[PDB]
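Going line by line, the protein sequences match chains A, C, D and B. Count along the first sequence from 1, then add 27; that gives the number in the deposited numbering. Count along the second sequence from 1, then add 27; that gives the number in the deposited numbering. Count along the third sequence from 1, then add 27; that gives the number in the deposited numbering. Count along the fourth sequence from 1, then add 419; that gives the number in the deposited numbering. Written below as structure tokens is the structure these notes are about.
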Amino acid sequence: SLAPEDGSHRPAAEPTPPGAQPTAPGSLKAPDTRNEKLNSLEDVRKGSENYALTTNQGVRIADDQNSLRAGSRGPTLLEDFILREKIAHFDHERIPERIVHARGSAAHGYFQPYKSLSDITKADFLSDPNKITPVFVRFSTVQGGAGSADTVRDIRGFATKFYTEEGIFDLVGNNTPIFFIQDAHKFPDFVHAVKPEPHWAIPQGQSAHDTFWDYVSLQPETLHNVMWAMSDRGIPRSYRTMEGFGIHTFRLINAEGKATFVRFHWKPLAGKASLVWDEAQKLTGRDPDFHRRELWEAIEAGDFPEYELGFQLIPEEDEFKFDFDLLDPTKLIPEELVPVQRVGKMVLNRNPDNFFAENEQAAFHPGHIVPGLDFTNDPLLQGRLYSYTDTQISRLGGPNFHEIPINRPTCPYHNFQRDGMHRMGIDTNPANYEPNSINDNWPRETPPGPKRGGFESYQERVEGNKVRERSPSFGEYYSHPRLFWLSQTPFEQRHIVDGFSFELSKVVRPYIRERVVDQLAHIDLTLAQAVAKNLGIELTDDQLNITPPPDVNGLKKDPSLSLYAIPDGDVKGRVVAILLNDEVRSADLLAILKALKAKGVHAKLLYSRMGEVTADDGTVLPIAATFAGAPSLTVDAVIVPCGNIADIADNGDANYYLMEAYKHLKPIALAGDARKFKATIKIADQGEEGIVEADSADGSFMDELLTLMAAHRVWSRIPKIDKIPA
Amino acid sequence: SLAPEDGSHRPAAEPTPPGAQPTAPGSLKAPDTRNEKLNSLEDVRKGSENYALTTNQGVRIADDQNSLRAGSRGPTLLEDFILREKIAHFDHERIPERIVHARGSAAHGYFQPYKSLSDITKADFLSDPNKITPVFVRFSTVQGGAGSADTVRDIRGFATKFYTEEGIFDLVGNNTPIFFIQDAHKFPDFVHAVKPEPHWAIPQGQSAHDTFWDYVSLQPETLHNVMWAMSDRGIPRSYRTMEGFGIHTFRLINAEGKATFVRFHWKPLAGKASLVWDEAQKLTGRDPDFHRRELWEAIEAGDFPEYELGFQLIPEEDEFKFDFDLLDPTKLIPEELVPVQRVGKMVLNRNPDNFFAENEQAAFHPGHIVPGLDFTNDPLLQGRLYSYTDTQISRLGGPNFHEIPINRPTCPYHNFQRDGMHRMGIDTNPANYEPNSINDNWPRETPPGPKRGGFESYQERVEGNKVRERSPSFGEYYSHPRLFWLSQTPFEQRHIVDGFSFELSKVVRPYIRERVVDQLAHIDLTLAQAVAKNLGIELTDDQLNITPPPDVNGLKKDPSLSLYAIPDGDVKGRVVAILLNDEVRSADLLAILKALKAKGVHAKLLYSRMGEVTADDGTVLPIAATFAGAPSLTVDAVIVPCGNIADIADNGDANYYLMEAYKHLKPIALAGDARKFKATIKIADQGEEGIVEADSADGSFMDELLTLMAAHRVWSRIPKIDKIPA
Amino acid sequence: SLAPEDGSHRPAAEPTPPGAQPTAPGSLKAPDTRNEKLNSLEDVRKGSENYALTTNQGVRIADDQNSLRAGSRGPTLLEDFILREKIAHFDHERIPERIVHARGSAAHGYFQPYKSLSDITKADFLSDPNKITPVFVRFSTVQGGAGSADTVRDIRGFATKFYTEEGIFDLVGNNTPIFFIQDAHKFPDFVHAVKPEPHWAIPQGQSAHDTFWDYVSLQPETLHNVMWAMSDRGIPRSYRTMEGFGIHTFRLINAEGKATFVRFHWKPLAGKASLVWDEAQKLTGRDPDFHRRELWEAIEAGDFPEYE
Amino acid sequence: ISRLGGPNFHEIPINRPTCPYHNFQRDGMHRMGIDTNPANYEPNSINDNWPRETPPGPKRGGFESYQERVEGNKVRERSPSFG
Ligand code: HEM
Ligand code: HEM
Ligand code: HEM
């Protein structure tokens, strides 16, 4: 026995707040959390306690510390079959990462609709409010490798596998409502442009390099999703606090055969929230696993990620009623024109057991639809349908990837396909072809119908010649970027200007910067001028005279495009740092922890060393991390309770911790003699909105802090932060 | 419904003789047959009846006859995900075949020992006569591809996977007691020499070409196994009528630590039986699947392949008591010197359900041993230990090939190995390393002991310098080929000579045939001269004067080396052709069938067309095949009953049937006017040994025939067959 | 005419200091720097300028901007073999990364001995001071993926392929003179313990987690290389300013058959230098490619990495 | 791609074109060709957009599909003319 006698090696199998217990595989942390898919994986879960160590052939091993050798200082012998199996398996551990979205984090959960949608769709998972569909969801960045950092500036993926009773449906979306390009033929060009450059394989996780901006300057259709990327949408706080979108128009098909166009939305019930760029960039260094960690720890705490599925629905007869093409995936459908109808709720409530087996090997593909859905001719969706099956057979080693446990349907699947590498299913059917008489033609085709029917495509009319040509209706590139720009708050605009300015400053060939600023002048002259000033570029008179693009169907703005213009804050699952001293005022700590607990906000107790400190009343406080070990970047607000403030008053790291949190617009709360830290961040005696201060930490102090936290950041401080050296 | 109304599409789920029903997947044919391994596969067996046809994602298919197109004469659309999945799976069905032994045929069964062998081995599967161990056995040729023919001249593999309670043990043997080469380093050279030549990839399934005999002529260590391959051992009648051998000396280790050297044997309880060359060669054309078919039909009829495991046991202190090295795999241990001790019985009693999932994907490797067994320094075994794991991860797609269902142990297996392509097991252990405290060090090592202990290698002494050198004790190449030659009957020796003469005739470079005749002259002069005569080569005076090699430990023959010197016939499961006419005498047929039934001998009723014929007394006789359709090659004897003989007397195919059977030494029985056929095979009026004849088919006509079948072939006919034009 | 008319898109083919010009493929930046290995690769180098765009089967492409569809707003057709080949190649670009040392940066160069070592070794590449051996060198971290950060705290790999006249010799070393473990049987245990933990796959590029220190606390043989990793050896300023070591004792064999034990070293002629931890950890965020970049730009500037 | 080990099967010597072939496709298992293009995407400025598209024409032109007229609904249906 190498475990400690006290049992402290094993985390409690109950919900616990971040940092309170070591994290664990999902089935051991939350063994009572079940759904049909989770249960179905029991055939392949493998335990360990009380079992002997063996080879993969079942032979017990006596000595797992040594190779077999001729004498104990002799050569290793070829007959050591136990060493060679162990080292061969290790030698073959890695598989290819995904070509894009290689970096991602996943969890299990469940979905149910609010009401039956049978009037618009015959899909079975949308038919009954009390029929629950398991899901597995992977969130991702796009450009970086599987070992890249989480809080980069990038688009994020949001892929949901729904294990329905009529097949797997994969809704493979991103966190912005449009993509960069119009036709899948260009996907390798765009991805190669954004990815590390091919001579030296730099930069990882960043679009701030010449080839990406070269492509953008030469392909104005990219500008819309570039605007989203350069805004704070490119730097979410958490995968719990971003939107999701399917991007393409799809179809819903009901039992009477009617097609309705649909775009898919996920609304985060925790609200929309993003980092600021200096925080995000520094956090890729202090904790490159911040989003993976925060997601796993939110589910271990019971702060399950919840999202509302929503549909924008457009009747068939209204296909051409907008000033943009519904099938153009560089155009969004403004919610002021077509509202999102609430459809159902998805809750992620258990982490996987083994990241490689369940997350790395999962395969999501947007051609996996079910009866009641269909595609459209969007030319980027069309080409996606070829790529996901093709790449998943390369990455997962052959055509039986649907038999890898995470990807298996929970509903029946039977057909005449056979063989392939690592075939697990042993078919007993005498026939491997149809039509057959020798098995009375089973398994059999099923006619389409209202429920449980075979799939039939909606009989869309196709009229045209065989052409490689872009629809002229797709040839407008600046109106949607402008609508997005005008819908942002002033601080969000400033952050967009700063994102383009920072990125193009890293473009070494100056003419590319100039060409991008010329594109920006076709969107908005105020944006283009503000970027140009930061680049040392002066717009020409012709640039100053470019006519702005038209409004989008009369809209001058749509506030649903902003992260912050409409309040939607939720503090449950956020975290505060509490900076301890060696004689903390216990009464402050009581009041602080009670008010945080009432709102579901977690706390991390920090100090200048690890171990414990004792409060004024004898209470022994364990320290979660040092001020340098868990920087302000990792929390949403900072509280300094009273005590022996002289202990930490001259500590550089405690002072910096407040300066960094202040620069990054976080609420700060100072009780009693902790108000002496007002001098590090230059707060006048009268106080400042976003700094909470009082003689002690009481009801009123904590309510004011929590109100600031519900607004996420203190935007009004922005003019005060350029002078702080942090 | 496409099945016929009378149900005649479905084979009866009970034992039936070959030809009486269509063959079927083993769990449908014999649902009541079970063992622990067959039970454990049930979780991956897939049915078919009454299920809908789906994609692999579980979506029901409505039209499995057509691609999606724009108009019914239009182009196929990329959005047809059901076509693309079905075609992608088909496109990736094949996996690499095995480098050697690619052609092979397998079945499930069980093994039990006759008594506990605990005094000599602590192997669990040999510890208790009530302990039943499931097996899976694959028999194979060596040189040809998976789609080559079965009845070629080649060595045969005989590989047994024992699913024990202490691990998988794979006994990976062949049907001769030695191999061609001494050191594994030469295996690619020898296999490249026997395989199809590299410019043009000819010939398939044949050693009769220049490179093979070039190698043989230059590597006299090969001559021992070459003698076996050129004997009728190279052309077995069935996998059920051949011996098996582990070849190498291995060790048994008992609970007290004592090592005993062992060589493994399988004794066919159906007896030893081979074809003759002209019959085998022609049968590769008439039925290239003959041995696969015979094995599967024997198991469907209940003629289960049975084999007795036996051990030759040599004490450690007798290592050097022989004229040859125990560790040299080109030497056999004569049974006259060290008897085979009977160990237990293996019965093969169920066919697979799916050939590719269970046969093609099975992986046997001789390094898979269990506590109670160990290796020796045989330098061909030593290098095998590297090859099998290496090649199986290449062929089966990654390091998780033990999770393919046929390969999985039935006993527990738990370790710290993770990931790899196709990973099925989902580990819940918090640790993936040891030593660990975080899971209290589980799964844990187990010390060696008398049962259920960890594996520990026997502490053999090693002393010598690091050298690439053959042991001088291995440098004797001719004594064991001579012992084999002298142990054969005179007709077995004729067929050896004819095997070398035919194969060397197909070597285009004459000097290679001369060099191989020179090697034969070092084994035995009568052999050498008889082959030389057939090649037009004259021995030199010096060749006529080479001194024969020494006897082996005083032996000038060992009759256990001969197929036929000691009768071990068994007629059960053999087959007779019955040549019908349009008015058969029914009393003849009743007697024939009743006597054959009583000895478990099958029959096939042949005619000049399919359908039925009617007997003298009105009995309707169903025809199994035409004369041309089921040639004499495929049966053990031929019976022609009386009746309207004029119906078939001038039928070329019926006369030819008897001439082929006659040439190949098969018993032939002629009743009543069927005696007219004596003229086509030139039999005298007074008869000859091997031709049974009488006014009717009984009293003793069937006993006489069945006695001839017990002796397999009519060797005394040999001098008569050269005159027959067949 | 997408290039600027002033030609400022193309870097000068002469040594230039970091940042002065866009970086480029070696054969375009320094066409006149040659060695026998670099010359032998000319058979497979592919240019681009002035050539038509083609499929991999050599068919010229007319419109690389659009898929073939029935009507310009219609469905994409299966017959579009140009789109299918281009997206099939893209779909299969990635190969598995190295199980360890997945993150690395490499360059070409050459080796010459100072004098003949025929007295102690018959290795042909050490037999003559005028015999130049081309090399290719890869420097690496150990634990993180290929897309992890360069200035982590970790051991570094220093692998040199010598293309000799009597065969390839690979000297596969690290930047500290010992390893963490004694017997290869334990290498999957130790690597599993330092790698991201298996439930959640955290942390990347760091040994600062429970399983690593669990293994170290139970296997005191690891403490010597742990000391080196916790020192500033674990955070080099550049691959140019660290030492290299083969770690193991090997043998040299001379023509007379005498064996001498040897351990191999590389001394950085630019000196030894390391970062400090707060700087290295921050730099993993501000520039995760800092060591790859610095090596590439040192070579483009003429500040060639040299090692003895 | 399954049978020959990856997407560079056209680099296996028997399958190589004898005419020029140049494009922006990169990587894949057993990649033989070492591309020197600064660009691996188009449109690009950094290599003056090379290698470049070629319009269709009477000789040495790029490939353009014959502009067949397609009219019909999306159906899984066999032409009656094939019955
Ligand atoms: C609306 C535009 C797109 C969206 C929203 C989208 C979204 C995503 C997401 C979220 C993933 C990762 C799924 C996971 O977590 O495993 C992914 C993977 C992938 N995507 Fe897309 N993508 C789009 C366009 C495309 C295009 C145009 C292509 C190629 C024609 C493409 C090819 C791929 C490939 C090859 C993968 C890797 C899939 C795997 O290995 O399993 N994507 N995409
Ligand atoms: C006593 C000498 C040998 C015996 C009795 C023997 C027997 C066998 C048999 C029976 C199989 C087929 C197993 C099955 O049915 O799947 C086989 C496969 C094979 N043998 Fe051996 N063999 C011998 C020597 C060697 C040597 C010396 C090497 C290489 C060092 C070797 C390499 C292989 C390879 C690579 C396979 C294919 C295995 C697979 O793909 O799963 N064999 N051998
Ligand atoms: C002195 C101890 C060791 C040193 C100095 C060392 C050094 C290295 C270096 C420098 C690399 C990267 C080569 C490159 O740049 O591609 C490498 C890769 C590797 N090492 Fe070692 N290593 C050590 C021990 C081990 C052990 C004990 C094993 C396994 C028994 C091992 C297995 C590997 C593997 C599997 C790779 C990836 C190779 C590839 O994919 O090409 N290493 N090691």
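In this text, a Cβ means the ideal position worked out from N, Cα and C, and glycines have one as well.
Residue i: CB within 7 Å of a non-hydrogen atom of ligand 1
i, result
"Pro230(A)", "no"
"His507(A)", "no"
Any non-hydrogen atom of ligand 4 closer than 7 Å to residue i Cβ
i, result
"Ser500(B)", "Ligand 4 is not part of the structure shown, which contains ligand 1, ligand 2 and ligand 3 as its ligands."
For residue i, the three-state DSSP class (helix, strand or coil)
i, result
"residue 17(A)", "With chain A running from 28 to 753 in the structure shown, residue 17(A) is simply not present."
"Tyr137(A)", "strand"
"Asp181(D)", "coil"
"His251(A)", "helix"
"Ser421(C)", "helix"
"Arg542(A)", "helix"
Chain B within 8 Å of residue i, Cβ atoms only
i, result
"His236(A)", "no"
"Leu104(C)", "yes"
Any chain D beta carbon closer than 8 Å to residue i
i, result
"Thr50(A)", "yes"
"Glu490(A)", "yes"
Within-8 Å CB hit, residue i to chain C
i, result
"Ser464(B)", "no"
"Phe108(A)", "yes"
"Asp241(D)", "yes"
Close beta carbons around residue i, own chain, < 8 Å, minus the five adjacent residues each side
i, result
"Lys213(C)", "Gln246"
Heavy atom of ligand 3 within 7 Å of residue i beta-carbon
i, result
"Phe189(D)", "no"
"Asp118(A)", "yes"
Cut-off 6 Å between Cβ atoms - residues of its own chain near residue i, not counting five sequence neighbours on either side
i, result
"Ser234(A)", "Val221"
"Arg536(A)", "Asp237"
"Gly410(A)", "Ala211"
beta-carbon residue i near ligand 2 non-hydrogen atom, thresh 7 Å
i, result
"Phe391(C)", "yes"
"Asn381(A)", "no"
"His226(D)", "no"
Nonlocal neighbours in the same chain, by C-beta distance under 7 Å from residue i, ignoring five residues either side
i, result
"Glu430(A)", "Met451 and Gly452"
"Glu731(A)", "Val719"
Interface flag, residue i vs chain A, CB-CB below 8 Å
i, result
"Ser94(D)", "yes"
Contact belief for residue i with residue j at Cβ below 8 Å, rounded distance in angstroms
i, j, result
"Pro332(C)", "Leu359(C)", "Incorrect: roughly 24 Å between the Cβ atoms, too far for contact."
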